[PDB]
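# Coordinate analysis (summary)
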Amino acid sequence: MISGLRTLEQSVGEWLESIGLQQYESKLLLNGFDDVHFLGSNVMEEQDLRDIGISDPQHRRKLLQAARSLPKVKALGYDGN
């Protein structure tokens, strides 16, 4: 999703709360993955979400979309602001 309407200051809880996965926050926190400024750095692959607990499809594809949709991402084409 090249587009997205979100806040420029959201934490793990709130972030996951916007998608309804705040319940799995504990898993994303106990795995030292709470770093919101790493969602774009860390691999954040399916296996990563599975190792923490998120082994669901609607929970893996969602966390991967909201994670990659974040700023500071490897430019692939067409620069923007």
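Here, every reference points to the structure presented above.
Before going into details, it helps to say that this report is about the structure given with it. (Residues numbered from 1 in each chain as written, not as in the entry; some residues may be left out. Heavy atoms only, no water.)

Attention now goes to the side chain of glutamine 10. Note on placement: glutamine 10 falls in the segment before α1 (12-19). Residue class for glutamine 10 comes out buried when judged on its relative accessible area of 19%. (Helix = DSSP H or I, 4+ residues; strand = E, 2+ residues; numbered from the N terminus. Buried < 20%, exposed > 50% of the residue type's maximum accessible area, 1.4 Å probe, protein only.)

What follows covers the nonpolar core. Residues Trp15, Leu16, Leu28, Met44 and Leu63 are the most contacted members of the largest nonpolar core, which totals 15 residues. Secondary-structure elements contributing two or more residues to this core are α1, α3 (46-52) and α4 (57-68). Beyond its immediate stretch of four places on either side in the chain, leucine 16 contacts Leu21, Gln22, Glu25, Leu28 and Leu63. (Core = buried A, V, L, I, M, F, W, Y, C linked by side-chain atoms within 4.5 Å. Contact = heavy atoms within 4.5 Å.)

Attention shifts here to α4. For α4, built from 12 residues, the straight-helix expectation of 16 Å at 1.5 Å per residue is met to within 8% by its first-to-last C-alpha distance of 16 Å. On the buried face of α4, the contacting elements are α1, α2 (25-30) and α3. (Expected span 1.5 Å × (residues − 1).)

Before going further, it helps to examine the pattern of salt bridges. Going through the model one piece at a time under the given rule, you end up with one salt bridge. Here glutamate 46 and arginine 60 are joined by a salt bridge, their closest N and O atoms 3.6 Å apart. In this pair, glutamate 46 is assigned in helix α3 and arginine 60 in helix α4, connecting sequence segments 14 residues apart. (Salt bridge = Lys/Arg side-chain N within 4 Å of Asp/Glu carboxyl O.)

Okay, α1 next. Every buried residue belonging to α1 is among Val12, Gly13, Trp15 and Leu16, and all of these are buried. Here the buried residues of α1 occupy an arc of 165° about the axis, which is enough to place them on one side. For α1, the elements touching its buried residues are α2 and α4. Phi for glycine 20, located one or two positions after α1, is positive at around 95°. (Arc of directions from axis to C-beta.)

It is worth spelling out the environment of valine 73 at this point. In this fold, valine 73 is placed in the segment after α4. On the basis of relative accessibility, which here comes to 48%, the residue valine 73 falls in the partly exposed class. Residues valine 73 and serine 41, spaced 32 residues apart in sequence, show a C-alpha to C-alpha distance of 7.8 Å.

Once that is clear, we can look at unusual backbone geometry. Leave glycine aside and you will find that most residues have negative phi; peptide bonds, for their part, are mostly trans. For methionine 44, which is not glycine, the phi torsion reads 50° and is therefore positive. When you line up the elements, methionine 44 lands in the loop between α2 and α3. Take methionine 44: its relative accessible area is 4%, and that puts it in the buried class. Despite not being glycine, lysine 72 has its phi angle at roughly 55°, a positive value. Looking at where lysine 72 falls in the secondary structure, it is placed in the segment after α4.

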